[PDB]
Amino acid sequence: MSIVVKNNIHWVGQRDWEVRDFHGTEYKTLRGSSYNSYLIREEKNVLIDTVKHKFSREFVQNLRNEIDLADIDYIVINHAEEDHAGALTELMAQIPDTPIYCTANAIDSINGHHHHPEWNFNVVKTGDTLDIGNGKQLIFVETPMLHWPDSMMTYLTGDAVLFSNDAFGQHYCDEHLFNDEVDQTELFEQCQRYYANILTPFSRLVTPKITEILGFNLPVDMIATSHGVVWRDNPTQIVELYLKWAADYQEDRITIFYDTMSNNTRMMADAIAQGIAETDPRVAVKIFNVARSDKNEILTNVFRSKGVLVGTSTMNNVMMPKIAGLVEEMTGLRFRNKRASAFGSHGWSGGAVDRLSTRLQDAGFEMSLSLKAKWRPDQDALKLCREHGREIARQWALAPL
């Protein structure tokens, strides 16, 4: 069935236990996800978002079991990405005259995917209202570039429920709907994973938008996102997390990742970490081989880290491709207030370390000196690598000693 969220609000979405790949293969969902759609039944009946196109047949059928499709008065699209607006064409094929409430940018994104401009769109902007009867109304808030130009939130008065869509959501699949009914650790991990890999480049927009919403003085009993749990128990805890994460978040932590062909760079990475740990016991150190690790776990650690060390060997005068790929993605995520140091081994002329050091600088990292070694590091070379870690640990110390 559907699931009662609160009063006349029904969850009519779809759980996805199997899904492992989002945005191509750029976001690994190791704990699946959910696509949350909501049906509000007052004097007016309002559908908020749909689900992935994959589950369009199930969505419409399940919706029929809950309500006659002709009885649906309004459709609200907070965000026109395929995982929320994917079943729209299938639904609108049954109820073509049904009005769609969304942002001006959403008309471009909806039509961009579905190619049905003849649909009855209603442009909404911040402050706009939609009465649904019984003294209740929907209030719309534009949230451009969080994370799309078309993005917005919908607030329901009386019930005090914020339909935040992607915001404050996470890719975490569970039979239980509410945040207080799931594993808190797995919940936090997926929440932080989501922000770090998706919302980091828009952090400068997060705080003013949240500040703007708080200025509306709207009571919040529940936050119903488009992914994962519904926040009902201390729902603002995820909002406070977003405030902390947005402020160029960093812990006393250093992330080391690299790619290697014959483990020479790996030997350097381990020696560097040893140097750090024996210089500053406060620092948490994580090491990843990018060819053998979870890319999104690496990026989440980078997000949590005060600085990173990136390693690569020289291959055909350039750096290893997986490193080049990862640095490119970091260049998009725009990490702030973080430092970096490039290292790696070479055979003769090298050049990849300097190349990498430049690209990290291009990614926005404050660069420290690079570390280079020839072939396999002997005991003398490993001392230099260990000393490099000492150099980094002292330079990047948050506090003296």
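When you see a residue number, it is the position in the sequence shown, counting from 1.
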| item | value |
| --- | --- |
| Higher-B stretch (mean Cα B-factor, as the entry records it), 94-102 or 277-285 | 277-285 |
| Stretch with the higher entry mean CA B-factor, where the candidates are 10-18 and 381-389 | 381-389 |
| Residue with highest C-alpha B-factor in the PDB entry, from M330, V230, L88, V161 | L88 |
| From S357, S345, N65, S33, residue of greatest CA B-factor | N65 |
| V318, C-alpha B-factor rank within chain (lowest, middle or highest third) | middle |
| Relative C-alpha B-factor of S109, binned into the chain's lowest, middle or highest third | middle |
| CA B-factor ranking of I40, expressed as a third of its chain | middle |
| CA B-factor placement of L218, once the chain's modelled residues are sorted into thirds | highest |
| Cα B factor band for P144 (lowest, middle or highest third within the chain) | middle |
